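Listing of entry.txt; format and content: compact mmCIF, C-alpha atoms.
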# COMPACT_ATOMS: atom_id res chain seq x y z
CA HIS A 697 15.72 15.81 -5.38
CA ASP A 698 15.51 15.69 -1.58
CA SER A 699 18.00 13.13 -0.27
CA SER A 700 16.63 13.74 3.23
CA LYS A 701 13.27 12.28 2.20
CA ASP A 702 14.89 9.53 0.08
CA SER A 703 15.91 7.54 3.17
CA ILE A 704 12.33 7.78 4.46
CA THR A 705 10.25 7.44 1.27
CA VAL A 706 8.65 4.40 -0.29
CA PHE A 707 6.46 4.51 -3.38
CA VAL A 708 3.65 1.97 -3.72
CA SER A 709 1.89 0.78 -6.87
CA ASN A 710 -0.50 -1.89 -8.14
CA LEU A 711 -3.21 -0.92 -5.65
CA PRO A 712 -7.00 -1.33 -6.13
CA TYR A 713 -9.07 1.68 -7.19
CA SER A 714 -12.12 0.52 -5.23
CA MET A 715 -10.54 2.25 -2.22
CA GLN A 716 -11.91 5.77 -1.88
CA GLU A 717 -9.28 7.06 0.56
CA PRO A 718 -5.79 5.47 0.12
CA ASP A 719 -4.45 7.64 2.95
CA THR A 720 -6.59 5.89 5.56
CA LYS A 721 -6.75 2.41 3.98
CA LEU A 722 -2.98 2.08 3.84
CA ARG A 723 -2.55 3.62 7.29
CA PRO A 724 -3.35 0.33 9.16
CA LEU A 725 -0.66 -1.33 7.03
CA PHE A 726 2.17 1.23 6.99
CA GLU A 727 1.50 2.54 10.51
CA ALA A 728 1.61 -1.01 11.82
CA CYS A 729 5.22 -1.22 10.58
CA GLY A 730 6.35 2.33 11.32
CA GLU A 731 5.12 5.86 12.01
CA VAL A 732 3.98 7.86 9.01
CA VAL A 733 4.39 11.63 8.89
CA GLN A 734 1.95 12.09 6.01
CA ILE A 735 0.58 10.57 2.80
CA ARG A 736 0.34 12.39 -0.53
CA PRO A 737 -2.33 10.70 -2.72
CA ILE A 738 -2.58 11.55 -6.42
CA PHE A 739 -5.47 13.92 -7.11
CA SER A 740 -4.17 15.67 -10.24
CA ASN A 741 -5.95 13.00 -12.30
CA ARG A 742 -8.57 14.55 -14.59
CA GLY A 743 -10.31 11.21 -15.13
CA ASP A 744 -9.61 8.07 -13.14
CA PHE A 745 -7.34 7.56 -10.14
CA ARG A 746 -3.75 6.52 -10.87
CA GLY A 747 -3.86 3.90 -8.12
CA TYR A 748 -0.53 5.11 -6.76
CA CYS A 749 0.54 7.00 -3.63
CA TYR A 750 3.58 8.01 -1.57
CA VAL A 751 4.30 7.49 2.13
CA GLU A 752 6.81 9.30 4.31
CA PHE A 753 8.13 7.97 7.65
CA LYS A 754 9.45 10.09 10.51
CA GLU A 755 12.20 7.52 11.07
CA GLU A 756 14.41 5.60 8.61
CA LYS A 757 13.96 2.37 10.57
CA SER A 758 10.32 2.31 9.49
CA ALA A 759 11.52 2.21 5.89
CA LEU A 760 13.58 -0.88 6.61
CA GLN A 761 10.67 -3.03 7.85
CA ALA A 762 8.48 -1.52 5.15
CA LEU A 763 10.61 -3.42 2.63
CA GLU A 764 9.45 -6.66 4.20
CA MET A 765 5.86 -5.65 3.39
CA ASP A 766 6.65 -5.95 -0.33
CA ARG A 767 4.73 -8.66 -2.20
CA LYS A 768 2.27 -8.95 0.71
CA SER A 769 -1.14 -10.18 -0.46
CA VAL A 770 -3.86 -7.61 0.18
CA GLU A 771 -7.51 -8.17 -0.79
CA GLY A 772 -6.27 -11.10 -2.83
CA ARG A 773 -4.00 -8.80 -4.83
CA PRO A 774 -0.23 -8.39 -4.03
CA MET A 775 0.97 -4.88 -3.18
CA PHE A 776 4.05 -3.57 -4.99
CA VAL A 777 6.41 -1.77 -2.61
CA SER A 778 9.84 -0.43 -3.57
CA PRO A 779 12.38 1.78 -1.70
CA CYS A 780 13.16 5.29 -2.93
CA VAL A 781 16.90 4.58 -3.06
CA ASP A 782 18.47 1.33 -4.24
CA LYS A 783 21.20 -0.39 -2.22
CA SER A 784 24.16 -1.29 -4.44
CA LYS A 785 26.09 -2.76 -1.51
CA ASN A 786 24.45 -5.03 1.06
Show me, as structure tokens, the structure contained in the file I just sent.
Amino acid sequence: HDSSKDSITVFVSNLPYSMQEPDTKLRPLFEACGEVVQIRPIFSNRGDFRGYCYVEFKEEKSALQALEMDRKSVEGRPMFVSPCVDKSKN
């Protein structure tokens, strides 16, 4: 595992499939909170999309505000956002 990317990675789930390109649809949301280096959408699916994607930020600070985006209502459906690494001590 890459610890270097752990502090700048946030996996998202529970997203609608109606969106053709998750890389550009999420951009206005994630970019608006912090710069994104690149998005790696799931394309290995042999049938239907998995509805999940990963986003990497050039700075750790972006990850921090990204947490606040969790539970945000999008298209009438809440978006599940969770940090790569859990924080045992606050």
Would you list the residues near (10.2, 2.8, -2.9) (no more than 6 Å away, in the coordinates of the file, using all atoms listed in the file) as a CSV table (one decimal) with C-alpha atoms, keeping the file's coordinate frame?
chain,number,residue,atom,x,y,z
A,706,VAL,CA,8.6,4.4,-0.3
A,707,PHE,CA,6.5,4.5,-3.4
A,777,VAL,CA,6.4,-1.8,-2.6
A,778,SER,CA,9.8,-0.4,-3.6
A,779,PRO,CA,12.4,1.8,-1.7
A,780,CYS,CA,13.2,5.3,-2.9
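CA of residue 785 (chain A) is found 19.9 Å from CA of residue 758 (chain A).
If you count only C-alpha atoms and ignore residues fewer than 3 places along the chain from residue 700 (chain A), what sits within 12 Å of it is residues 697, 703, 704, 705, 752, 753, 754, 755, 756, 780 and 781 of chain A.
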Mind writing the picked residues with C-alpha atoms as an mmCIF file, in the coordinates of the input?
data_model
loop_
_atom_site.group_PDB
_atom_site.id
_atom_site.type_symbol
_atom_site.label_atom_id
_atom_site.label_comp_id
_atom_site.auth_asym_id
_atom_site.auth_seq_id
_atom_site.Cartn_x
_atom_site.Cartn_y
_atom_site.Cartn_z
ATOM 1 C CA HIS A 697 15.720 15.810 -5.380
ATOM 2 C CA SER A 703 15.910 7.540 3.170
ATOM 3 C CA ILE A 704 12.330 7.780 4.460
ATOM 4 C CA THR A 705 10.250 7.440 1.270
ATOM 5 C CA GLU A 752 6.810 9.300 4.310
ATOM 6 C CA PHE A 753 8.130 7.970 7.650
ATOM 7 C CA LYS A 754 9.450 10.090 10.510
ATOM 8 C CA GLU A 755 12.200 7.520 11.070
ATOM 9 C CA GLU A 756 14.410 5.600 8.610
ATOM 10 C CA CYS A 780 13.160 5.290 -2.930
ATOM 11 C CA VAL A 781 16.900 4.580 -3.060
#
| task | Could you give me, as a list in words, the residues within 9 Å of residue 748 (chain A), counting all atoms listed in the file and dropping anything in the same chain fewer than 2 positions from it? | result | residues 707, 708, 709, 710, 711, 718, 737, 738, 745, 746 and 750 of chain A
| task | Would you mind reading off the distance between CA of residue 783 (chain A) and CA of residue 719 (chain A), one decimal, in Å? | result | 27.4 Å
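Distances from A:751, A:765, A:770, A:759 to residue 720 (chain A) were compared using only C-alpha atoms, and the smallest one belongs to A:751.
One finds CA of residue 766 (chain A) at 14.7 Å from CA of residue 727 (chain A).
Minimum distance to residue 744 (chain A) across A:699, A:764, A:774, A:713 (counting all atoms listed in the file) occurs at A:713.
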Around all of region 709-721 of chain A's listed atoms, make the axis-aligned box with 4 Å on each side and tell me centre and edge lengths in Å to one decimal, as lines of an AutoDock Vina configuration file.
center_x = -5.1
center_y = 2.9
center_z = -1.3
size_x = 22.0
size_y = 17.5
size_z = 21.7
| message | Given all atoms listed in the file as the basis, pick out the residue of A:747, A:712, A:761, A:742 nearest to residue 725 (chain A). | response | A:761
